[PDB]
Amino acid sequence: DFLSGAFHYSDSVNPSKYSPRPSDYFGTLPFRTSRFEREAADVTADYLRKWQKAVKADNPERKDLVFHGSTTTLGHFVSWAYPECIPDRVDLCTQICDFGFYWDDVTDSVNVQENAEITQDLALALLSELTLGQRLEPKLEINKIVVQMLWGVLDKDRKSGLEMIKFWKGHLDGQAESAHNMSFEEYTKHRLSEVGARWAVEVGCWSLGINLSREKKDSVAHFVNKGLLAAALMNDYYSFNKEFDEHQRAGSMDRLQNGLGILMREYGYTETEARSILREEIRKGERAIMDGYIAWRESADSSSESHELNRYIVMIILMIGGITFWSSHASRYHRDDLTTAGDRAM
């Protein structure tokens, strides 16, 4: 490990400090925590009430308004995901992440037709801040909400926020193609475009205040993408149970994105079998971005731009670590209101 660089807003941490410990954490990357956990959790509690108004307003006949976001019983998605987030950017960071969670929740379980309708309505807002034209307002209350947030982000760092908004619109395109369910190698390629990892990294950039040519960021992708692949397969491992229940409960199994699904269906593996295969791809990826890190850190310049690039890879590594630990116990994936193992082996 030995993450180079100074940390001004976080402290090194361990699963050991948390109790009760998570049932199945097996990450190999380190992670930290912001000193700003309670502010983040306070913001996630207000944004929920917010979001739930918007959701009720688009569909007043549905009553389940249960959404699982950043706050868990041990900590918070933001505090672990982006430990070096700037204190006055914690708030807006929490809104982005949580909105990302909720928006995902009401778009990746519906029929590709209901998804297209909503995906378009969002892109209107985002494109509104990238072009010189006049604004186009979204029609769904769940997307209207996003406008005031994009202004906040851009008022903190416009250069950073414009680019994060760019890769957000890239995520939108990625999850609009999620209409069928593919080989394994064809799935790993589809899932990196659909998970929101590229957008996740740029939310870190804006969060941390990192200014860095797209060239330099690409100059390290070859291994950083292996790390990012790891986090996706990691998400599939932890979010598979709840995702089954949901796509079964909704009649969308058709479009269900998860490597357990792929490994257990095409290939005839079992849940345990596919799980075992996944645990090891996750290791491989975790190990390649970490290794890619040191390899980079020892043949490198002492330039101002070199120091920033290290800051950007440390931000990525730390984020996979923190979300790995977050994912291991988060309500969003480990809810006891869920289908079973025998039920999903069918």
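So that there is no doubt, residue numbering starts at 1 and follows the sequence shown.
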In the entry, residues of the deposited sequence missing between residue 338 and residue 339 amount to 1 to 3
What is the count, as a class, of unmodelled deposited residues between residue 181 and residue 182: none, 1 to 3, 4 to 9, or 10 or more? 1 to 3
Entry-level comparison of average CA B-factors, 134 to 142 and 204 to 212, reporting the higher stretch: 134 to 142
Which wins on mean Cα temperature factor, 285 to 293 or 28 to 36? 285 to 293
Check the PDB entry and point out which of 95, 258, 270, 79 has the largest C-alpha temperature factor. 270
Going by the CA temperature factor in the entry, name the top one among 173, 246, 104, 157. 246
Record-listed C-alpha B factor of residue 89: chain third: lowest
For residue 52, the third of its chain by CA B-factor is the middle
Test of reading the entry: by CA B factor among the chain's modelled residues, which third contains residue 262? highest
Quick check for you: using the entry's CA B-factors within this chain, is residue 75 in the lowest, middle or highest third? middle
Lowest, middle or highest third: which one holds residue 276 when the chain's residues are ordered by CA B-factor from the entry? highest
